């Protein structure tokens, strides 16, 4: 043999601890190796999300009190309800969705990045608390929580995704994980961007932009990992998974439209919020490596809302 291999590489005869815990005990465990990185995209994402660390205490929400006080009681209630709705989706993602992805990682660094995502989506949920602490009465806060618990249209959306997280199909779990930052919160994010475009709650929209700076990377990353895994399947299994993605998005769009109509119809924002939602549904499909089937007309966003985005 012209190539003498005296030792066998440690990496190919060991498993990460999470693999050992849940899947394969046939070999000993390897420590994470940050010196020999399998996918440089992992290091790029790790560096960006850790460099982007923030806490809601960094933003002076107190400065929004004047513009908040200009808003009628029904608008204040709409914002508190919408944001408590987004708090629920962040609680789902932080406590179930992100941590479920860790054991299904392609790489060692991916396990640590999803730990960062779980923590930072927790910070997202905590930030709404900070906004409420500054702007809302105890009565407004308590009412919003009651409204969320009793809103069947709102509950339907996380109830549809959670089963994919707790089941044993890692690709369907990954699609659910991408759908949360990629699609489900944009219907809600429409409201602060609408308000900011008209000069209301500027400091609140600064928190929303810090949340979105994280969520756009979360969607990209989960989509990137989905694409690497699905590419290794047969043409038939790739066709079945593409069908599953479109079928699940179709269902979630149906549930989102029902919820957004209920949330916004009284205010005249439902049509605009749904177009904003469908635009992001298109970007969600693109980040999974599929083509958007959505029309220019049904995805149209006002320039000044896009500007806030």
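Superpose the two forms; the largest set of C-alphas matching within 1.5 Å is the rigid core. Positions refer to the first chain, counted from 1.
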Core-superposed comparison in 9 other deposited structures of this protein: bigger Cα RMS shift among 283-291 and 297-305 is in 297-305
Would you say which of 59-67 and 264-272 moves more relative to the shown form in 9 other deposited structures of this protein, going by RMS C-alpha distance with the core superposed?
-> 264-272
Going by the B-factors listed in the PDB entry, is the mean over the C-alpha atoms higher for 294-302 or for 14-22?
-> 294-302
Entry-level comparison of average CA B-factors, 227-235 and 116-124, reporting the higher stretch = 227-235
Based on what the PDB entry reports, which of 37, 49, 31, 252 has the top C-alpha B-factor?
-> 37
From 91, 82, 133, 101, can you pick the one with the highest C-alpha B factor in the entry?
-> 133
When the modelled residues of the chain are sorted by Cα temperature factor, does residue 199 land in the lowest, middle or highest third?
-> middle
Entry-reported C-alpha B-factor of residue 163 relative to its chain, by third, is middle
Would you mind checking where the Cα B-factor of residue 156 ranks among the modelled residues of its chain, as the lowest, middle or highest third?
-> lowest
By the record's CA B-factor, is residue 129 among the lowest, middle or highest third of residues in the chain?
-> lowest
Based on the entry's values, in what third of the chain does the Cα temperature factor of residue 54 lie: lowest, middle or highest?
-> lowest
